[PDB]
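Reviewing the structure listed below.
Residue numbers (the entry's author numbering), protein chains in the order written: chain I, 4105 to 4617; chain A, 1 to 513; chain B, 514 to 1026.
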């Protein structure tokens, strides 16, 4: 009936294999988690080497077979889309949550009771986080750099978190404009091996990976008047079936000369517009490039639609269809448009925009994998800054949240009573895996840290606690400026608890080959 | 270097595989544990069907490969040798103890800390059991039948535990004599399919699986004078190389007639002894059986040395070497020696011994597997009666001990503190698997039973608690006469904790094919 | 030319593979070393499970292929024969010594220079140990129990080191007699599963694994007069070819009756000797056992020559050839010779000897592997007591020796200078692997311990230092009674350094399949 190779699990075996598959992933990724966490090297079937610490990236790249591990990946991708970071922490706490669910299965607690206490504890956990949430200015320079920096830490880029925090806060502020909505698509991340991270810099405009089409064109244009054409700049022929019908040896020449005039006039109109920089989304015929050079118009063809839009946003250039339609009102401004070589590669830098809606960050470093890690670090840094601008609530780090939750959810458990108290107690205890693996990976005593931190948390509070693995002792995360967006923590609770309830609800898995 | 097929585990994998192997066995056997526990059918490679509930028997018969499961078997065999029953409970509590040890490994509690708390908790656990131990009369008829009956319960033989308790208490009392030392070897267990368990009966003497060697011999002898010869009763020839040297056609006959006289005289001496019943350990030549019939001497040859000893003990017969040496002072007494057929099989019953030191119990029933289960039930029943005679301390059943221990060891844990408190707390909690699986197998609510029983235990005490799965509610095990030997419980703690420490100490296992 | 499967290494590859093979063994065994060291489970191709901590035993049992690892085994067997323990420490320090030799090979230090500094440092190391050696009374009760106890520690038997130290010191004292020479062969180690280690006891005499040959013989004999016969007690026939030549039907009987008289007379002579206990190295014919019973002589046949000698030594019994030669002057004395069953097995205990030259220690415990570990622990305990009786020098433990050596050999290195100083410095540093792995296995900080201990050693001295892993801090090993025989430490230096020089001298290894 069934293909040899097909695997199927059901009842107790489905639940065991699903809890295992999820926790197995969590076991793999948790060794990267934290300031003292390590990195993974995944090399595909072609030799392509991926060196990263990002959990979701590891999950996307690695070869997963079990359906349960594949659903955990979907959770990781949601966390990636929403906030970027906190993916690993979502997997780990979910892995333990399943571990504790297995303890409840060992206790013969019916799956509907387990998920009942989890649903209850998760609802209260959300209320608790919103209660302890510290409100900050959405555009406050200070907290903007504090959120940025704490995000950057635990990465290779932390060594330069000061320059990066400035770059990312400035980049987001430049493109966000009003108060507000933050669109990460407005910040282009360019990465080019060569130099070091000290050379990484923000360019108020757009870095175009194109060259000056003619040797006769200027190499740099100041106070640039930029035009954006989406049509191809070639000798246009009608869509309809047509051909030249020669009537005289003179006319053979008249037709060729006529076509030369057509294309010459086109360029004459571009010049008449006041344009001196031109970007065409489609191709530009060499003959057109020949005429463009005559008027000193610098040009780049075959430009990506994405960059044509970044140019429109940054320069305020208006995309125009017909060259005859191009007017001064369509032209955008750039302080300087200049052709520059970066580690040999010739690019056109459009910089010093008046009021840019797009910004480009050029990342340098000694190796591709280094600038790739920096690219991931700053992607998350921008993400979490956007999270704190849109949602002006932050919370203390160093595991203070999860500890605060385990405190109040333990008392909540006692209030509930019955078999629900067992499930709620298990949920609250599951949250301690994060503080636990933070210290374990830090090389700190797992037991003594957890006892001292919880004691300090209960006595002094959640704004007077958490673990500072940097000095290797319990400290005050809040006063030390160790804070993260509320959204990170609240989204983790929601998605993890609901996807866990799903896994726990599945009692029959059929995996065809 | 190593044969393909060889498996080796080390560090974390050795510890995981060892904890698993042990718990896997515990998972298999725990479904038989308790009054509502089921039975297992193990059929070997020849078709031989073994139907049993005994954990140690299942472990001996089943095909175990993992070295760790093989060491657990050694634990089960120790429990078998010492007390007979309580084997399954030793495996189960040991399996959970490893489960809790794995939790401690998850907590990063160093293996030397885990075994430290276990060693501490086990030392206190022994003191606790000796403290709550209820002292009873070593020869008290009442407690002798109470211990017997509680042992019998949860077996197929429970239906007749009243008749069996009488049989076993009587059997042990008959053979034990002084106060005392109980030797289970003095009670022979005969089992013959046919009839029912109602027909099972104790015979004050020995059931010999032999027949009357001659058709001319009586079928029953009253006030029997029994002789025990270990020599063969045949025409003796010298050890040394010799042969008959004929000198005359007359002498050919004289030699044959001489040999006839020799053997005739031998039997005449047996008769002269006053013997009329004769058991020979070795063979009896037909010619000797011919003369034995002449004097009306009933005889059985090729008797097992073991039964020759049971006959000496029961009848007070004295094993003699030379027939010429056999005297009245060597003869033992039997009220009746009679040849009886049981389901066709002809046996000689030697019964009504004056002061027997050995007794035989004849077990009947509808099937071999039924009388085999009864044979195991009564083996354990005799065992635990012997345990309570030699060690006049008993304790309340229904999981009261293990609960009492988990109560005081939790407070003990708090007194100890440090990381040792974690290990001691884990030990104390591990003991709850027994109450837990008692109720689970009983079809009772695992959670509600454990809560209500512990609440009742703490409030009323250990002589006013435990679970009565028979009515399906927490009751008073002590008042209900539900008690077991102290030795059962104290030996379980010792052997389980020490063998667990061993397993936990092993970090490298090499299993050659 | 060469069989496929044959491996050969030469020059740099021989030296690398040899250093690796040796260090690989050291890497395997060092995880068992120390009070916090673990145990290994080696299961052969038949299923036989060996559970031990002894390095030499692991090496004997495991499947080693590389010739270099096989030579290290020869080193371990020498250490076993001489002192018993300290085998693992010899392998480990030798493994590091090769590691440091590889560093010197990395430095391009010629193999003859490396072994030159090693030979020099080893010569001084011996002088240093003899200099710090603390002289003690060869028969001093106190140090006898202190040496014994420190040997026992780090074993499962440590839990009962107090009872064991008494047993072993008493056992050695009883058999050693004069001052002196200690022969470990005079102490028999009996091990029988059942009971616990608390039941382990020393018996001043010999435990014979035999039974009373006749049911008619006493079960216990007091003030026993023991005879030792090495001849077989059977109807003797001439060596030469002979047979009985019958001449008359009367003579047929006369010959049989004659043989009966012969054997009867033999036993009559044994009785005439005054003997009432008899041990025969060879067989005893049942007919002889029949006559032996007549005079109330208790007997055991087929006795092992080894035990016949232990009986002669303990009881002062004199082995006699002819029964006719047995006299009262040949008889030995035993206060009690009694047949006892231990976990069912019937043995004869010959105890309460007047002036025994042999003693037997009966070891009990919950499992075979437990009493096997105890058997190894007490074997070593007797060994090291014998080492301290014969060589009345001891040294402080806790790595103080090896530290003292690394201190003075570093200054020695500076005195030597040249390239020899590099080799001598490497030797001195290699000695630190023992303190290093003591702390590593103890779960203590490898760096901080080594720094604090060396600082304390240099400041306070070698009688005011070493690591006490039991409290987990640097302490005073000398004042704490933590001492071991000098021989252990000095033999380790000699054998390790000389076998290392050999390995380092080999530059071509041919291993045929």
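Heads up, the beta-carbon is just placed ideally off N, CA and C, and yes, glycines get one too.
Residue 4544/I: contacting residues in chain A (beta-carbon distance under 8 Å): Looking up residue 4544/I in the first chain gives position 440. Here the neighbours are 108.
What does the alpha-carbon distance come out to for the pair residue 4571/I and residue 4603/I? As a first step, residue 4571/I must be located in the first chain, where it is residue number 467. As a first step, residue 4603/I must be located in the first chain, where it is residue number 499. C-alpha separation (whole angstroms): 28 Å.
Residue 862/B versus residue 723/B: straight-line alpha-carbon distance, rounded: On the third chain, residue 862/B is found 349 positions in, with the first residue counted as 1. On the third chain, residue 723/B is found 210 positions in, with the first residue counted as 1. Residue 862/B and residue 723/B: Cα-Cα distance of roughly 9 Å.
Could you please give me the residues that DSSP links to residue 243/A through a beta bridge? Translated into positions along the second chain, residue 243/A becomes position 243. BP columns for residue 243/A point to 758/B.
Residue of 918/B, 840/B and 992/B minimising C-alpha distance to residue 637/B: What you label residue 637/B is simply residue 124 of the third chain in a count that begins at 1. Measuring from the Cα of residue 637/B, the nearest candidate turns out to be 918/B.
Of the residues that make up the segment 4501-4525 of chain I, which ones have a beta carbon closer than 8 Å to any beta carbon in chain A? 4523
Does residue 861/B come within less than 9 Å of chain A when only Cβ atoms are used? The residue labelled residue 861/B in the question sits at position 348 within the third chain. It does not: the Cβ of residue 861/B has no partner Cβ on chain A nearer than 9 Å.
Does the contact criterion of 3 or more C-beta pairs under 8 Å hold for the segment 357-376 of chain A versus the segment 154-165 of chain A? yes
Measuring CB to CB, does residue 138/A end up less than 9 Å from residue 332/A? On the second chain, residue 138/A is found 138 positions in, with the first residue counted as 1. On the second chain, residue 332/A is found 332 positions in, with the first residue counted as 1. The answer is no: Cβ separation not under 9 Å.
Hey, residue 4233/I and residue 4590/I are a contact pair by Cβ (cut 8 Å); roughly how many whole angstroms apart? Looking up residue 4233/I in the first chain gives position 129. Looking up residue 4590/I in the first chain gives position 486. Their Cβ separation, rounded to whole angstroms, is 6 Å, which keeps residue 4233/I and residue 4590/I in contact under 8 Å.
Looking at the C-beta of residue 555/B, does it have a partner C-beta in chain A at a distance below 9 Å? Counting from one through the third chain, the residue named residue 555/B turns up at place 42. For residue 555/B, the answer is yes, since a Cβ of chain A falls inside 9 Å of its Cβ.
For residue 4450/I, which beta-bridge partners are listed by DSSP? Here the question's residue 4450/I lines up with position 346 in the first chain. Bridge partners of residue 4450/I: 4445/I.
Do the segment 4525-4533 of chain I and the segment 4214-4231 of chain I meet, that is, are 3 or more Cβ pairs less than 8 Å apart? yes
Kindly say whether residue 575/B, judged by its beta-carbon, lies nearer than 9 Å to any beta-carbon of chain D. In the displayed structure, chain D is absent; the protein chains listed are I, A and B.
In whole angstroms, what is the alpha-carbon distance linking residue 4342/I and residue 4409/I? Within the first chain, the letter at position 238 stands for residue 4342/I. Within the first chain, the letter at position 305 stands for residue 4409/I. Distance between the alpha carbons of residue 4342/I and residue 4409/I: 25 Å.
C-beta contact flag for residue 549/B and residue 507/A at 9 Å: Residue mapping note: residue 549/B aligns to position 36 of the third chain, counting from 1. Residue mapping note: residue 507/A aligns to position 507 of the second chain, counting from 1. The answer is no: Cβ separation not under 9 Å.
Which residues in the same chain as residue 4441/I place their Cβ atom closer than 6 Å to its Cβ, once the five residues preceding and following it in sequence are excluded? Walking along the first chain from the start, residue 4441/I turns up at place 337. Counting only Cβ-Cβ distances below 6 Å, and skipping sequence neighbours, we find 4325, 4328, 4381 and 4454.
Between residue 761/B and chain A, is the shortest Cβ-Cβ distance under 9 Å, so that the two count as touching? Along the third chain, one-based indexing puts residue 761/B at 248. Yes, because at least one Cβ of chain A sits closer than 9 Å to the Cβ of residue 761/B.
By a C-beta neighbour count over all protein chains shown, 10 Å radius and 16 as the cutoff for buried, is residue 766/B buried or exposed? By one-based count along the third chain, residue 766/B stands at place 253. It is exposed - the Cβ of residue 766/B has fewer than 16 other Cβ atoms within 10 Å.
Which of helix, strand or coil does DSSP assign to residue 205/A? For this step, residue 205/A is matched to residue 205 along the second chain. Strand at residue 205/A.
Less than 9 Å separating the beta-carbons of residue 4457/I and residue 4309/I? By one-based count along the first chain, residue 4457/I stands at place 353. By one-based count along the first chain, residue 4309/I stands at place 205. Yes. Within cutoff.
With DSSP run on the structure shown, which of helix, strand or coil describes residue 185/A? Numbered from its first residue, the second chain carries residue 185/A at position 185. Of the three classes helix, strand and coil, the one that applies to residue 185/A here is helix, per DSSP.
Restricting to Cα atoms, I'd like to know which of 4221/I, 4190/I, 4384/I and 4412/I is closest to residue 4292/I. Here the question's residue 4292/I lines up with position 188 in the first chain. For the residues 4221/I, 4190/I, 4384/I and 4412/I, the minimum Cα distance to residue 4292/I belongs to 4412/I.
What three-state label does DSSP hand residue 909/B in the structure shown? Against the third chain, residue 909/B aligns to sequence position 396. Here residue 909/B sits in strand by DSSP.
Inter-residue Cα distance where the pair is residue 412/A and residue 85/A: For the purposes of this step, residue 412/A is taken as the residue at position 412 of the second chain. For the purposes of this step, residue 85/A is taken as the residue at position 85 of the second chain. Using only the alpha carbons, I get a separation of about 30 Å.
Three or more C-beta pairs under 8 Å: does that hold for the segment 286-304 of chain A against the segment 321-335 of chain A? no
Rounded to whole angstroms, what's the CA-CA distance from residue 986/B to residue 419/A? Just pull it up for me. In the third chain, the residue the question calls residue 986/B occupies position 473. In the second chain, the residue the question calls residue 419/A occupies position 419. Rounded to the nearest angstrom, the two C-alpha atoms are 18 Å apart.
Under 8 Å by Cβ, that's how I've got residue 586/B and residue 891/B pegged, so tell me the actual separation to the nearest angstrom. Locating residue 586/B in the third chain gives position 73, counting from the first residue. Locating residue 891/B in the third chain gives position 378, counting from the first residue. About 24 Å; that fails the 8 Å criterion.
What is the residue span of the beta strand (DSSP E) that residue 49/A lies within? Translated into positions along the second chain, residue 49/A becomes position 49. Note, residue 49/A: beta strand (DSSP E), 49-52.
Would you please verify whether the beta carbon of residue 99/A is less than 9 Å from any beta carbon of chain I? Working through the second chain from its first residue, we reach residue 99/A at position 99. Answer yes: the Cβ-Cβ gap between residue 99/A and chain I drops below 9 Å somewhere.
Contact under 9 Å by Cβ, residue 459/A with residue 78/A: Within the second chain, residue 459/A is the residue found at index 459, counting from 1. Within the second chain, residue 78/A is the residue found at index 78, counting from 1. Cβ atoms of residue 459/A and residue 78/A: not closer than 9 Å.
Among 902/B, 760/B, 603/B and 923/B, which one has its Cα closest to the Cα of residue 539/B? Along the third chain, read from residue 1 onward, the residue named residue 539/B stands at position 26. Closest option to residue 539/B, Cα to Cα, is 603/B.
Mind pulling the chain A residues with CB within less than 8 Å of residue 4551/I? Position 447 of the first chain holds residue 4551/I. Result: 107, 108, 109, 419 and 422.
Considering just the uninterrupted stretch of the beta strand (DSSP E) at residue 4589/I, what are its terminal residues? By 1-based counting over the first chain, the position of residue 4589/I is 485. From DSSP, the beta strand (DSSP E) with residue 4589/I extends over 4587-4589.
With a Cβ-Cβ cutoff of 9 Å, do residue 505/A and residue 115/A count as a contact? What you label residue 505/A is simply residue 505 of the second chain in a count that begins at 1. What you label residue 115/A is simply residue 115 of the second chain in a count that begins at 1. In contact: residue 505/A and residue 115/A (Cβ atoms closer than 9 Å).
Report the neighbours of residue 241/A on chain B: residues whose CB is nearer than 9 Å to its CB, in chain order. Here residue 241/A refers to the residue found at position 241 when the second chain is read from its first residue. The contacting residues are 750, 755, 756 and 757.
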